[PDB]
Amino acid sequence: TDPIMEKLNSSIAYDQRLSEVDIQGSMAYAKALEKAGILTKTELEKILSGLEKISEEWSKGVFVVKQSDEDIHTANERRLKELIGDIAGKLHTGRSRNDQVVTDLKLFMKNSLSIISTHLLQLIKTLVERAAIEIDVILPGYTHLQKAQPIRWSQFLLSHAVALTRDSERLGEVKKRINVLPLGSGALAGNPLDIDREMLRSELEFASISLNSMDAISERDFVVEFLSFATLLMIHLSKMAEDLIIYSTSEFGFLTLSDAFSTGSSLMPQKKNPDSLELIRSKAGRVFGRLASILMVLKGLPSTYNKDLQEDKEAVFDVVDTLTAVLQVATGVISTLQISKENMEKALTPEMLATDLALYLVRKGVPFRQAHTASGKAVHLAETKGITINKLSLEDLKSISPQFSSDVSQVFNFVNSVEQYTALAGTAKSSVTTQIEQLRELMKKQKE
């Protein structure tokens, strides 16, 4: 056996975090083997005790890895043997590395996804809570990154909560396809000892059992799916990071992040670098890379098991750790950032109310195209007098369209600007309250 190739087959270098699930998997199997008559009652006790002690060695961090261990499965098998003797060997009866590895990665993923879920909900929750509290703050809404119209700071925050909520929904969909036991699939044709797979499932807490052994052994859908979910999640987070990074520019002045999530220099204590957000944005590429790699690893592979499939572990681990860290960093950034109502408020400009001005007419029967030209004509005027549109006199307005009354003054108020969007999903106060209620409901659904 070649030196370099052996080092490539060697997963022991990173697959150690699968120690516990590999042990849990073995315990269930040993139980099913005793029920099948492959093990005696006493043997089972010996095995379980052995497996339990091994579990402790890892949790305590005292487990010793022999250079002869190519993977975590070999390590535990070797240990279990030097712990209870020959009897240890009977444990691998009819089992295969092929269905052991998938059972292991799936258990690990079910647990990790459970952890990713809490952080994700915590982020969404954090976003929603500030949307509640800062519901009066208004700032410009952008399109093409050019000030378009006023919107509530909360409508902006909520848009990110809503996207994340979808991420959460997908996470759940992926979580249930992962919650299917693949153990007892053997090398590819199934388990040859009529092993009780139902006992296996309930013992390991899966929701159901894999339908086809060839599929169960060679499919990495659960890996691709998780990656697809993780990548779109990062897209959302990269979009939010981009918004904030920009808003935190001295130019915009909208906000600045706490010191914990930014860096700085004693030469310019008035500027803060949003490292936190830059890191989050960059992880999108990192996670996408993993998605792209596994997809290509799978394209073209014939049935059933192929060594190519070992690339899955490192991709999942890296993604699980990336999301776990980035999600929390995002929650903190959101809860501890400081907006500037002042600058955010001074950002609002009269010119932005021009569209609302055209709406004022539409509400008085004046047709669409006709109102537009009227509103556009009104700007041209104030424009030629060196004054904003909210300033031009009532008489000036009259000359362009008799439709303009004295109430037209109401149009030049930002609170009024946003209150226009009462229709479901709008930036109006009422709509924002509705949304806040809906997200909290959806979060309850995705749990109880």
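Residue positions are given as counts along the sequence shown, with the first one as 1.
K.L.:
Taking the recorded C-alpha temperature factors, which stretch has the higher mean, 113-121 or 346-354?
P.N.:
If you average the C-alpha B-factors of 113-121 and of 346-354, the larger mean comes out for 346-354.
K.L.:
Identify the stretch, either 264-272 or 85-93, whose C-alpha atoms have the larger mean B-factor according to the entry.
P.N.:
Averaging CA B-factors over each stretch, the winner is 264-272.
K.L.:
Can you tell me which of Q420, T40, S26, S405 has the maximum CA B-factor listed in the PDB entry?
P.N.:
Top of the list by C-alpha B-factor: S405.
K.L.:
Considering every modelled residue of the chain and its Cα B-factor in the PDB entry, is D104 in the lowest, middle or highest third?
P.N.:
For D104, whose C-alpha B-factor we compare with every modelled residue in the chain, the answer is the lowest third.
K.L.:
Comparing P367 with the other modelled residues of its chain, is its CA B-factor in the lowest, middle or highest third?
P.N.:
It belongs to the highest third of the chain when residues are ordered by C-alpha B-factor.
K.L.:
Ranking the modelled residues of this chain by C-alpha B-factor as given in the entry, is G376 in the lowest, middle or highest third?
P.N.:
As the PDB entry reports it, the C-alpha B-factor of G376 lands in the highest third of its chain.
K.L.:
Test of reading the entry: by CA B factor among the chain's modelled residues, which third contains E203?
P.N.:
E203: CA B-factor falls in the middle third of its chain.
K.L.:
Taking the values exactly as deposited, rank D71 by C-alpha B-factor within its chain and report the matching third: lowest, middle or highest.
P.N.:
Its C-alpha B-factor belongs to the highest third of this chain's values.
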